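Working notes, structure below.
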Amino acid sequence: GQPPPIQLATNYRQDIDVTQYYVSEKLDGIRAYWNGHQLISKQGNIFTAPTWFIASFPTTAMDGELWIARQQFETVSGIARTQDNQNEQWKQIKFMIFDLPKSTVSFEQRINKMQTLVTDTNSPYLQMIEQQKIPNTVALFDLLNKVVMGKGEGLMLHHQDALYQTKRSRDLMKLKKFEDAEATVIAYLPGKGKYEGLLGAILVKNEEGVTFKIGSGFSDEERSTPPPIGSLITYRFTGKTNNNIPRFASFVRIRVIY
Ligand SMILES: *P(=O)(O)OC[C@H]1O[C@@H](n2cnc3c(N)ncnc32)[C@H](O)[C@@H]1O
């Protein structure tokens with residue numbers, strides 16, 4: 001089937017006015033688009049949602065996450081992949097909504113409509129993701145910590161004045177504590193001081209063609225036995241610094257030896 005006409009998120013940017021954004025918990029589920037009569041996956045597959053699961057839903061199109069609870073991704077994914085419209089396991093799933101993709105008004109009014117839709121439907125299977133205002137970035141990062149320590153995935157931000165767009169949107173942003181990506185180890189940088197005779201850092205070249213140093217994230221065993229040159233490794237970072245270098249980059253682990 002054709003992929004559904006959905007809005008996609010960009011990455012958090014430091015220089016926003018956080019007071020203009022609604023903040024919600026980023027849920028680790030399976031995205032579904034409700035077109036008014038069926039649920040559709042990001043790839044265009046029609047989910048075999050049982051009749052009793054969707055029976056109460058309004059015909060307003062809705063965007064949401066099929067989700068059970070924090071840290072139950074494989075469970076919800078396993079159910080949603082099952083081709084069986086009489087599968088009782090859907091009873092533990094909630095369609096957690098976060099937008100109205102056919103709406104032509106601002107996100108603030110869309111939230112108000114969603115609250116009404118959820119309340120009127122009054123079904124265990126349809127619920128609204130909480131949307132809150134946060135006063136400043138320090139408070140936002142404190143909230144991020146609360147959510148992550150509680151085994152949540154992160155936060156999402158959506159500008160109160162945003163109009164729905166069927167593409168990546170700068171008005172919709174993901175905020176996680178960090179990002180991971182891959183790079184190839186190309187050289188060693190011998191250490192000094194406590195790391196004399198050991199690994200000080202590696203030089204890697206990432207998939208965007210940027211070469212940079214990684215000196216943190218190594219165990220003491222890894223400073224004695226470094227990743228092989230040529231290996232594909234995963235590094236962790238958040239945002240970019242000058243010259244498109246991943247910021248606060250640290251070593252995670254080896255993926256492939258070349
Ligand atoms: P991650 O990088 O896995 O991105 C999360 C995706 O799921 C959708 N999503 C989850 N939770 C929400 C909220 N609260 N609001 C909006 N969208 C959500 C996002 O589109 C991401 O694609």
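Following the order of the structure tokens, chains are lettered A, B, ..., residues in each are numbered from 1, and ligands are numbered from 1.
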
Hey, which residues come within 8 Å of ligand 1 if we count only C-alpha atoms and all ligand atoms? Could you give them as a compact mmCIF listing (two decimals) with C-alpha atoms, in the first residue's frame?
```txt
# COMPACT_ATOMS: atom_id res chain seq x y z
CA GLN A 7 4.48 14.66 9.03
CA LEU A 8 8.01 13.82 10.04
CA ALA A 9 10.18 15.17 12.86
CA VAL A 23 6.23 18.99 24.85
CA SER A 24 5.26 15.33 24.99
CA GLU A 25 6.92 11.99 25.74
CA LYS A 26 8.52 10.30 22.74
CA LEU A 27 6.93 6.82 22.77
CA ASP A 28 8.72 3.72 21.47
CA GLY A 29 5.85 2.03 19.66
CA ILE A 30 4.61 1.36 16.17
CA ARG A 31 3.39 4.39 14.26
CA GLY A 64 -0.53 8.06 16.77
CA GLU A 65 1.62 5.34 18.23
CA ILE A 97 -2.58 9.99 19.36
CA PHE A 98 -0.41 12.97 18.68
CA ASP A 99 -1.89 14.66 15.59
CA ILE A 129 -0.40 11.68 24.51
CA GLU A 130 -0.07 14.42 27.15
CA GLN A 131 1.04 17.80 25.76
CA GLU A 153 12.63 7.23 25.28
CA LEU A 155 10.65 14.04 24.34
CA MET A 156 8.97 15.57 21.33
CA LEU A 157 8.39 19.29 20.74
CA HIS A 158 5.71 20.69 18.42
CA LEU A 172 8.25 19.15 15.07
CA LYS A 174 12.85 15.00 18.56
CA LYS A 176 16.81 12.47 23.07
```

Worksheet entry | For residue A:81: contacts at 9 Å, only C-alpha atoms, fewer than 3 positions along chain excluded, given as a PyMOL selection string | chain A and resi 47-48+76-78

Any chance you can output those residues with N, CA and C atoms as an mmCIF file, in the first residue's frame?
```
data_model
loop_
_atom_site.group_PDB
_atom_site.id
_atom_site.type_symbol
_atom_site.label_atom_id
_atom_site.label_comp_id
_atom_site.auth_asym_id
_atom_site.auth_seq_id
_atom_site.Cartn_x
_atom_site.Cartn_y
_atom_site.Cartn_z
ATOM 1 N N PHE A 47 -2.941 -2.490 9.076
ATOM 2 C CA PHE A 47 -2.907 -3.382 10.248
ATOM 3 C C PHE A 47 -4.182 -4.199 10.330
ATOM 4 N N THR A 48 -4.069 -5.440 10.813
ATOM 5 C CA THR A 48 -5.270 -6.240 11.006
ATOM 6 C C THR A 48 -5.854 -5.953 12.394
ATOM 7 N N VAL A 76 4.662 -4.902 21.540
ATOM 8 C CA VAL A 76 3.684 -4.251 20.655
ATOM 9 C C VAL A 76 3.976 -4.477 19.176
ATOM 10 N N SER A 77 5.244 -4.465 18.800
ATOM 11 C CA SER A 77 5.651 -4.727 17.428
ATOM 12 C C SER A 77 5.257 -6.147 17.006
ATOM 13 N N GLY A 78 5.441 -7.115 17.892
ATOM 14 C CA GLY A 78 5.082 -8.498 17.586
ATOM 15 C C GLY A 78 3.588 -8.676 17.368
#
```

Discussion item. To test your reading of the structure, identify every residue in stretch 7-252 of chain A that backbone DSSP assigns to helix (DSSP H, G or I), and report it as a PyMOL selection string.
Written reply: chain A and resi 18-20+51-54+73-81+88-92+107-121+137-149+193-195+220-224+242-244

Discussion item. I'd like to know which residues of stretch 14-256 of chain A are strand (DSSP E or B) (by DSSP, run on the backbone); could you write them as a ChimeraX atom specification?
Written reply: /A:21-26,30-34,39-40,46,62-67,94-99,126-128,132,154-159,168-175,179-191,196,199-206,211-214,232-237,240,246,250-256

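Across the structure, atom CA of residue A:250 and atom CA of residue A:74 are spaced 27.8 Å apart.
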
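Proximity of A:69, A:128, A:61, A:256 to residue A:111, computed with only C-alpha atoms, is greatest for A:128.
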
Worksheet item: Of the candidates A:143, A:86, A:183, A:258, which one gets nearest to residue A:205 if we count only C-alpha atoms?
Response: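 That would be A:183, the residue with the smallest distance to residue A:205.
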